[PDB]
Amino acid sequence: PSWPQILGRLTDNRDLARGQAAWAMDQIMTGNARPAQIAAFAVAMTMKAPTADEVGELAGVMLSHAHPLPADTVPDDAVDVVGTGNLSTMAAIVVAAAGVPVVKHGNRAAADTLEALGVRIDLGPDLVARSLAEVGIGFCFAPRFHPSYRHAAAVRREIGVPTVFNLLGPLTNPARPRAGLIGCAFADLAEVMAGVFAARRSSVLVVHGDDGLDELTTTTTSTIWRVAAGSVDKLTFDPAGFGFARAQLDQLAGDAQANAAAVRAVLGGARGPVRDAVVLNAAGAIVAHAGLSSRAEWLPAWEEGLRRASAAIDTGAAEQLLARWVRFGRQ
């Protein structure tokens, strides 16, 4: 195993042999990888087009180096709501208010919204565990939990272009949720992620908006990879089938203060395209959550998930869970 061997293989457009991706990630996590080698690998793998086995090794090794949460502090039915690259933050809160444990994993952009809302996002494992137990939701700040990734994070900024590493966020949640709604901006890489979750024995909905969104929207149809029990089902999803009005991407589009205001409005009951998108993804995460204890029918599962997501807002539960989340950090 060497960088010449692995990189040479990728630049010949060949899939890696077993363990090679894992070796590369280990060199990164130990700090032995040079920036040039990280970049070469990220770019070469991306242009080659990564496989689930390769992504599974990258995410697997990285996750094993992450700060774990304390033993028995994360429910077995905890879920994630996230995309690879607004709505996922809101959806996470709603799902939590519906009675589903949610544990997110994120970073500040070049998480910011949660800070603008007064949430203390940068907490250690013990307090994230307490947050999950007392508020019903927790947030793992990525730099806090993945410090060994910092050189790769720097590389990713310096090159600026999306690479295979942009798939690692949803696959390296330190709390190791077994369920969730996972959004991917590219159909090619969406199926790859579904394969990784499949091997993990996760129950997730890997979603890809046919408009290029990394989450279920009301702008157009979406492709969903239904992952459960090690199997993947590819489906098409039309929100219109659930009486949702179509919208434009302009409405689902700002700064932290603006995003924070959007959150309070939606949680405050404000109707519109933004709310609809939040309810869709929240429902998706709930349907994924149900996929742990059962394998119910697609339509009626979504009917139930949409009902719970909607009620979580309209009860004031979501708005009040947020308030409790802010009060938690203050005390």
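Whichever C-alpha set is largest while still superposing within 1.5 Å between the two forms counts as the rigid core. One rule holds for the numbers: they count along the sequence shown, beginning at 1.
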*asked:* To spell it out: superpose each other structure in 6 other deposited structures of this protein onto this one by the rigid core, compute Cα RMS over structures and residues for 153-161 and for 136-144. Which is larger?
replied: 153-161
*Could you tell me which of the two stretches, 174-182 or 229-237, has its Cα atoms lying farther from the shown structure in 6 other deposited structures of this protein after fitting on the rigid core?*
229-237
*Counting only other entries that model residues on either side of residue 294, is it left out in at least a third?*
yes
_Gap size between residue 254 and residue 253, counted in deposited residues that the entry leaves unmodelled_ = 1 to 3
*Mind giving me a quick count class for deposited residues absent from the model between residue 85 and residue 86? Options are none, 1 to 3, 4 to 9, 10 or more.*
4 to 9
*As stated in the PDB record, which stretch has the larger average Cα B-factor, 74-82 or 243-251?*
243-251
*Hey, which bit's got the bigger mean C-alpha B factor in the entry, 225-233 or 151-159?*
225-233
_Sorting 299, 49, 59, 29 by Cα temperature factor from the record, which one lands on top?_
299
*Based on what the PDB entry reports, which of 137, 196, 121, 261 has the top C-alpha B-factor?*
261
*Can you work out whether the C-alpha temperature factor of residue 146 puts it in the lowest, middle or highest third of the chain?*
lowest
*CA B-factor placement of residue 5, once the chain's modelled residues are sorted into thirds*: middle
*When the modelled residues of the chain are sorted by Cα temperature factor, does residue 209 land in the lowest, middle or highest third?*
highest
*asked:* Going by the CA temperature factor in the PDB record, which third of the chain does residue 93 belong to: lowest, middle or highest?
replied: lowest
*What third of its chain's C-alpha B-factors does residue 103 belong to: lowest, middle or highest?*
lowest
